[PDB]
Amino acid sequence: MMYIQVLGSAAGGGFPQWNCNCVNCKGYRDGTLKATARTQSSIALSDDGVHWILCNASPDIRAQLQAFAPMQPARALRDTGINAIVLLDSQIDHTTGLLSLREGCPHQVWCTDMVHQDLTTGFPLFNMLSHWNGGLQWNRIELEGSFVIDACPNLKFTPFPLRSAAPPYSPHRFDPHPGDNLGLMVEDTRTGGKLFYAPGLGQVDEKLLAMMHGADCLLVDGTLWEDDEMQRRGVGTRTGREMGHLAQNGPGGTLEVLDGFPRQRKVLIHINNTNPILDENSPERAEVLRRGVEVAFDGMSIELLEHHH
């Protein structure tokens, strides 16, 4: 079995977002919206249910670990079910949780050279945390080939660089490089079962599509329903294209893309607080369901048992 646990399913800011009173956030607080609160984007993976690899360490990590019992196996006075961390980018919503793991260093952290550069300069987590019992031990994710983390020896990870959209603090946001952003294929090598995980997806091409057809489950960017959602909700002016996100709806959107993948389990994750698919009663949620696409929620468990071929 490959076990996938969704710790957090929201985009940056979570749901509801602390400073937002958009129709969803305010509707949630007022008790009029049928929706469930979500913490920030993060999943955990395991090949045995005991040793876990954390993919992205969100600012909500304390609440996320608390909610998932295998995160505390209680085998010793100090213990954790996290055996390694993999980072897919250097965004604040995917890295700030490392600060909350300071009491448990050293930790093995896998990330690209690009991300390690951000996390030793602009957001210098590797430098800061080194003062807590050795801190973060960097394992380089190369831009080709695959890697296996010893704690989960049956999971083989193959990174795929995606279009670079480095965070605003990055000494190179204006000068994007391959390795700023990854999607990950993860294979259980006992069964061939494969997960493709890309919480940020701003572009697809034929190479990416072909590689995705090899997957059994696609767990992909669900940030916005429409490219101009933030303007429609009155909560800003950024578009999906500016932020590196393919919206669900419209030409070139992810629902059009996912139409090419009938055999795969398809799950949207990293959903912004503005996205109507969070409202369980919306026509947008009904449309995703009609298309065989699921909307990730906190605490969702995905089990991959086998490969489709």
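Counting begins at 1, following the sequence as shown. Rigid core: the largest C-alpha set superposing within 1.5 Å between the two forms.
*Asks:* Which of the two stretches, 71-79 or 164-172, moves more in 5 other deposited structures of this protein when the core is held fixed, judged by C-alpha RMS distance?
*Replies:* When 71-79 and 164-172 are compared in 5 other deposited structures of this protein, the bigger C-alpha shift is seen for 164-172.
*Asks:* In 5 other deposited structures of this protein, superposed on the rigid core, which stretch sits farther off in Cα RMS terms, 251-259 or 62-70?
*Replies:* Evaluated in 5 other deposited structures of this protein, the stretch farther from the shown form is 251-259.
*Asks:* Mean CA temperature factor from the deposited coordinates, higher in 124-132 or in 194-202?
*Replies:* Mean C-alpha B-factor is greater for 194-202.
*Asks:* May I ask you to compare 98-106 and 157-165 by their mean CA B factor in the entry and name the higher one?
*Replies:* Comparing 98-106 with 157-165, the higher mean C-alpha B-factor belongs to 157-165.
*Asks:* From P176, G81, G183, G222, can you pick the one with the highest C-alpha B factor in the entry?
*Replies:* By C-alpha B-factor in the record, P176 ranks first.
*Asks:* For the listed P276, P70, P59, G253, which has the peak Cα B-factor recorded in the PDB entry?
*Replies:* Highest CA B-factor of the listed options: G253.
*Asks:* Going by the entry, which third of its chain does the Cα temperature factor of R140 land in?
*Replies:* Middle third by C-alpha B-factor.
*Asks:* In terms of the chain's CA B-factor thirds, is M2 lowest, middle or highest?
*Replies:* It falls in the middle third of the chain.
*Asks:* Would you please rank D47 by its C-alpha temperature factor against the other modelled residues of its chain and give the third it falls in: lowest, middle or highest?
*Replies:* Lowest third of the chain for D47's C-alpha B-factor.
*Asks:* Comparing against every modelled residue in the chain, figure out the third that the C-alpha B-factor of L289 lands in (lowest, middle or highest).
*Replies:* Ranked within chain, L289 CA B lands in the highest tercile.
*Asks:* If you rank every modelled residue in this chain by C-alpha B factor, which third holds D118: lowest, middle or highest?
*Replies:* It belongs to the lowest third of the chain when residues are ordered by C-alpha B-factor.
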